[PDB]
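Asks: Let me see the structure of the following:
(one chain, ligands or ions: 1)
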Amino acid sequence: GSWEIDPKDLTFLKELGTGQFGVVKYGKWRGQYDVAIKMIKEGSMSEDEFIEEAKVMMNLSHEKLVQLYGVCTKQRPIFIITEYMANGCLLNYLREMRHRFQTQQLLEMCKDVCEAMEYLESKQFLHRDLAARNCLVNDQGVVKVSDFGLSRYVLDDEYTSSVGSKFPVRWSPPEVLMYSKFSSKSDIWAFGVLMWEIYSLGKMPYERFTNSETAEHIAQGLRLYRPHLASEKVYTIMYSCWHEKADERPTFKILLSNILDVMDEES
Ligand SMILES: *CCC(=O)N1CCC([C@@H]2CCNc3c(C(N)=O)c(-c4ccc(Oc5ccccc5)cc4)nn32)CC1
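Replies: Residues are numbered from 1 along each chain as shown. Now the structure:
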């Protein structure tokens, strides 16, 4: 179908790194168009389910969401072909101190992500693992949301529940940690943590705690605190994502309006 790219149309040009599914490469499609190619190592993914979901993902389209161009599934490893983001993952970009970011730039990164998440929310599509490591940066410095929904297809159980040793505890609200209750409001919580990561220039959330200690901190009702670079108004926005009661957390539409208000007031 239209979700299938012919891998013969790819020219591989550069290694981009490795993650839990294996290697990612940069190349060209039909000699002209920049693409990234994520190669899914055998045994790592629930492949038939992912392939079916890729059809849904191809219909998503937003300027701040990494575009899925297609998949290559006639051979193994299968390929995911996407828009190319030359500046890599947001986490590592934030940690490069040479950039000497202004706080207006940091707030713009938050706004980029919030726009993508408002779009996903309008499509009833949960990210399920939003974090700076899962956002990408293009050659213009624009941040886009990536790997959306992908955690649903991971076969390594260390990633798939809080009983696992590689679960995103530090991005999880109390109802996820205690009950596995995912919702729009668990994406909201994670977005607040992501804002904290941005304003902390890529520090690990709860940097001095283990995952187990973090879950206890959350069970006691405690929270991250204000990054040095966040104004009081910015801190209010990120902190609003962490209400104990999920229903008291904002929507992405509300967060976007709040971010724009602050951008105007701090311009
Ligand atoms: C900090 C995290 C980290 O070290 N890595 C994750 C990003 C990896 C590289 C970096 C360079 N660019 C890039 C791209 C890209 N599109 O340019 C990708 C990538 C990410 C996701 C997908 O496939 C999907 C997209 C959207 C939804 C579902 C799947 C393809 C390609 N990865 N990188 C380096 C390591």
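
Asks: Now residue 136: which helix or strand?
Replies: Using DSSP states H and E, residue 136 sits in strand 135-137.

Asks: try residue 176
Replies: Using DSSP H and E, residue 176 falls within helix 174-179.

Asks: For that helix, which helices and strands make contact with it?
Replies: Using 3 or more CB pairs under 8 Å, 6 or more residues apart in numbering; DSSP states H and E, the elements in contact with helix 174-179 are helix 184-199, helix 211-219. From N, CA and C alone the C-beta is placed, and that goes for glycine too.

Asks: how about the ones you listed in JSON lines, adding distance to the ligand?
Replies: Shown next, in JSON lines, are these (distance: least, CB to the nearest ligand atom, whole Å):
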{"stretch": "helix 184-199", "distance to the ligand": "11"}
{"stretch": "helix 211-219", "distance to the ligand": "18"}
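
Asks: between those helices, which gets nearest to residue 228?
Replies: Of all these, it is helix 184-199 that lies closest to residue 228, at 8.0 Å by CB to CB.

Asks: which residue does the stretch 151-267 of the chain bring closest to the ligand?
Replies: residue 202 (9.0 Å; CB to the nearest ligand atom).

Asks: could you list every residue that touches that residue?
Replies: 91-95, 132 (CB atoms under 8 Å, 6 or more residues apart in numbering).

Asks: now, which of those residues sits nearest residue 174?
Replies: For those, the nearest to residue 174 is residue 132 (21.4 Å; CB to CB).

Asks: Report how many residues lie close to the closest residue to residue 184 other than its chain neighbours.
Replies: Using CB to CB, 6 or more residues apart in numbering and skipping the chain neighbours, the partner closest in space to residue 184 is residue 121 (5.8 Å). By the measure other CB atoms under 10 Å, the count of residues near residue 121 is 18.

Asks: Quick check: buried residues in the lengthiest strand in the chain?
Replies: Assignment by DSSP state E gives strand 10-19 as the longest strand of the chain. By neighbour count on 16 or more other CB atoms under 10 Å, the buried set for strand 10-19 is 10, 16.
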